[PDB]
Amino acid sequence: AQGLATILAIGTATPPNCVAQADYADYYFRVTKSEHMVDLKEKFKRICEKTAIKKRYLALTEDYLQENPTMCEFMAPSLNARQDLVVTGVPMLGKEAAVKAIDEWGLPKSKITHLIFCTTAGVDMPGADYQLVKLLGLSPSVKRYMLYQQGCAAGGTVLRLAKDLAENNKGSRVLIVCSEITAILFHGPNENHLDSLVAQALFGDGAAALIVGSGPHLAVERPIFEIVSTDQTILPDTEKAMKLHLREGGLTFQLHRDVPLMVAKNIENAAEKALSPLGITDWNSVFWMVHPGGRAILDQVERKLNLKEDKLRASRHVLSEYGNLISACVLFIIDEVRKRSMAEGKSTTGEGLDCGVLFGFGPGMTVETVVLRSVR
């Protein structure tokens, strides 16, 4: 195609089940039948406090756990129950976000030439990509990219892949869907093996959908951000950061307690590598979209880049309103800065600034760094 890959529409959706973080420990310990673990509950009460999460939407409900109680047992086999939920739920949630993007875009869905489906919740053959084309009625000849088991940096993964798709294929229009349902990693509290206990407080459900294309038809298409550049790098010596295994008992979860420090040690290098080519040295002259793996990661990034204390508001905002949405989370944040900037009357779609940097963090530890150019 001709011109930079451009984001032209963003839609989001969540499961209807809302849970206030302020009530989560009571529910969670009630529901897993673990109220005798009071010290455990207190700790968990405290972790929920420090998440800086106000609420989450969860496809997993209390009825489901009743019917599939082994999901609450720590090492009881429960994958089949989890698959039953997410193999269906993930593409349905994704279709919901996609309808909104397609509607915002406004053009006929027959013009969608490429589908990128991304999730960290379950797998199946045929894929969630197949079900989405069916659900949506996309062309049977749409080219698909089925991204399974992707994790927390994959919101940047889908833009990096979309960029090359859109730019190498003249007139191509790419639909991106990241759809995450955290039922895959639900686990009861375990004194021993506390590992997945912070996961219970952290992750929320949702899907984000994007339309991306080169050479927008400016009469009927409305550019939101240009994708300037994408980088992916493995942080040295951080393999221990995060590990998640798909086992009989579900999606396992180990999170190293110094992950934020691993981000603090490497994040200026990623910033410099991305902005230096553009001639930018002042981090505060650009807008930031940071995957909120946790509050501490946001604070470290803010510290190490010496950000003004309002710089990560949009990121802190979707952590607050939704929790960690894994691969869909930075796409929610893109929507958030673009909507807030229109609401506030900014001169551009990127908080009135011309350039921005999105970060995704995942296993590896992997950093994805995408440079976005605002519009107007």
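All residue numbers refer to positions in the sequence shown, first residue = 1.
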### Entry-level comparison of average CA B-factors, 103 to 111 and 205 to 213, reporting the higher stretch
103 to 111
### Task
Determine, for stretches 191 to 199 and 254 to 262, which one has the higher mean CA B-factor as deposited.
191 to 199
### Task
Would you mind finding, among 324, 315, 66, 341, the residue with the largest C-alpha temperature factor in the entry?
66
### Identity of residue with top Cα B-factor, from 181, 79, 152, 228
228
### Task
Taking the chain's C-alpha temperature factors as the reference, tell me which third residue 59 falls into: lowest, middle or highest.
middle
### Message
Based on the deposited C-alpha B factors for this chain, I'd like to know if residue 131 is in the lowest, middle or highest third.
### Response
middle
### Task
Just say lowest, middle or highest third for the CA B-factor of residue 273 relative to the other modelled residues in its chain.
lowest
### Chain thirds of CA B-factor: placement of residue 299
middle
### Query
residue 148: which third of its chain by C-alpha temperature factor?
lowest
